[PDB]
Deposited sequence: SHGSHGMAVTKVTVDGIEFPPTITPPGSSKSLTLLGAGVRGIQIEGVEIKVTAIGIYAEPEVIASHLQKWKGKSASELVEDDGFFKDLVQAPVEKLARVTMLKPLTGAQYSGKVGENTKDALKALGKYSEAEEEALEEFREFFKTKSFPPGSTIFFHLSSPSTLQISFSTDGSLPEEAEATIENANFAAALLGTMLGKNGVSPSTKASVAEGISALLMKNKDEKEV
């Protein structure tokens, strides 16, 4: 379409290249998260990572001139991405049906595991995890349903969702703990083995952005 950007498809799920919830965020990358059941791995969600493009580029200048392949193997790169003081959005679409307990059980344990490794799992983060699971407890997510994790600032995680990929008008639940938010976004980026495919895709998008 010339210089216009169009939808990006991940495993049948269409991701818009930008999302404006009041400024516009660009798709940095998108991949899938699998889960293991007994000896079997299955793909359960598609994850798209969005951020303000000029702003995030200006915070990652030190990474300029590195290819996606190089960036993928610098864990310090993804850490800088998480901690950059920029608005971010993780958009999560179900590939398979999940109850809210099934969804938040594993994502919550990924987040807890990340915090513990950092020495940042204290009473505050434990309460944030409890609030997180509380929110998801009675929800259900058929294929195509979408969860939006919006970090308006690094301090707060706004959660909302829709039965299709459409944008909600407002947050449904908000978790006000910076460490928990960061670690959850970290798992959405795919850090610590959660999603190598999302990590690789975000490294490609950012490598492209830094070159622009």
Missing stretches, numbered from 1 on the deposited chain sequence and kept in order: 1-4, 26-28, 220-226
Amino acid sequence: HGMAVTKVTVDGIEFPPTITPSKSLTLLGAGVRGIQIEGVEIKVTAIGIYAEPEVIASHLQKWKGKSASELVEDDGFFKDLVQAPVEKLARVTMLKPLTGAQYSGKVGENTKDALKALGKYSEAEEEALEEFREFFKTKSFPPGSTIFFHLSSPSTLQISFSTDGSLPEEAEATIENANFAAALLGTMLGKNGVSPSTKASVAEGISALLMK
From here on, numbers count along this sequence of modelled residues.
Between 37-45 and 159-167, which has the larger average Cα B-factor in the PDB entry? 159-167
Residue stretch of maximal mean CA temperature factor, 133-141 vs 109-117: 133-141
Which is it among 174, 67, 146, 187: the one with the largest CA B-factor in the entry? 67
Where the record places residue 53 (Cα B-factor, split into thirds across the chain): middle
Where does the C-alpha B-factor of residue 20 rank in its chain, lowest, middle or highest third? highest
Is the Cα B-factor recorded for residue 95 in the lowest, middle or highest third of its chain? lowest
Select lowest, middle or highest to describe the third in which the CA B-factor of residue 9 falls within its chain in this entry. middle
Chain-relative C-alpha B factor for residue 192 (record values, thirds): the highest
